[PDB]
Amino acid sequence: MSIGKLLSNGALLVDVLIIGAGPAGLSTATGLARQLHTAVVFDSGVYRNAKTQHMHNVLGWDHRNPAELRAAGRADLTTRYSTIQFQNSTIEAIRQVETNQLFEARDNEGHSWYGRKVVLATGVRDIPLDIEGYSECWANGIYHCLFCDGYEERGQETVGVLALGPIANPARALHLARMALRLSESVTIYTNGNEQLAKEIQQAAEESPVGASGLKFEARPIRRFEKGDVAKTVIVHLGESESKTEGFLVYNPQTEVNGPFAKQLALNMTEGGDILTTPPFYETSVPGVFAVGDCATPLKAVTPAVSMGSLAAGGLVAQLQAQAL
């Protein structure tokens, strides 16, 4: 290579291997660059929000393409700084060769990279509902985050909430339905064949201080989703032969962390599949390995991802400067 310190195997050793060039990884690299620390940032080119044209709820970046944030971040990292190296390849394996001290990353081309520390910023993959038409409607009628979307489609007569998967409880369903009520006159909560749940959600709503006004409950099984002709509408085909048109649908899917690294490094995971990290610096259960962004928090958004990246760099700088080379 051309940056870092030589090892006995013939390779150069950088301070940090950052696996990910979304906002989380780019923000981590941003902090390191301030203190002249070296990093190889890997990018497989798989971004969770690749299906979108417009970012929201990111201060100063309203309605901008998420690709623009990544481009600005990359430009900022190579223009006034020269310690940050970008590698467009997919990491297939990571191993700790020395405790907290040396890590090896191997890519899809057979090439090896060495860092004193590792940052996992691989993001997550959204798991589709096994229902016909779901894939056509995802991020195009079915929305997961009403801070991220929904405002553009406000003023509806009726929209739906899918109380399925992780939304199949009164807390999540009601929180999402009440958010949807800001955007629609009426909200129908779909339970896909769970009457008991529909009853639980209704009762919880009726028994809550604000009540159940504006809410509809649909317990019938869902046969398929059809992308309606107009705007972001989705026709939900229920039972044998009835259907209903909704302005759009709200569903926050189950996710899984991208890459095999939690398995390979035996990193503690959350019940939800996320890599378990602890504030203040978001170090994982193996020292010297950090995790930031979607792969390491239930707060899966751009501003928390960038914040995690900054704080991780603070911790990395501390470790790099306090620990013998």
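One rule holds for the numbers: they count along the sequence shown, beginning at 1.
Mean C-alpha B-factor is higher over 259 to 267 than over the other stretch, the pair under comparison being 26 to 34 and 259 to 267.
A summary of the deposited B-factors shows that, of 84 to 92 and 133 to 141, the stretch with the larger mean C-alpha value is 133 to 141. When the C-alpha B-factors of 104, 76, 229, 152 are read from the PDB record, the largest value belongs to 229. Looking only at 308, 19, 16, 11, the residue with the top Cα B factor in the deposited structure is 11.
When the modelled residues of the chain are ordered by their C-alpha B factor, residue 46 lands in the middle third.
The PDB entry assigns residue 244 a C-alpha temperature factor belonging to the highest third of its chain's modelled residues.
For residue 184, the recorded CA temperature factor ranks within the middle third of the chain's modelled residues. In the deposited entry, the Cα temperature factor of residue 122 places it in the lowest third of its chain's modelled residues.
Ranked against the other modelled residues of its chain, the C-alpha B-factor of residue 171 as given in the entry falls in the middle third.
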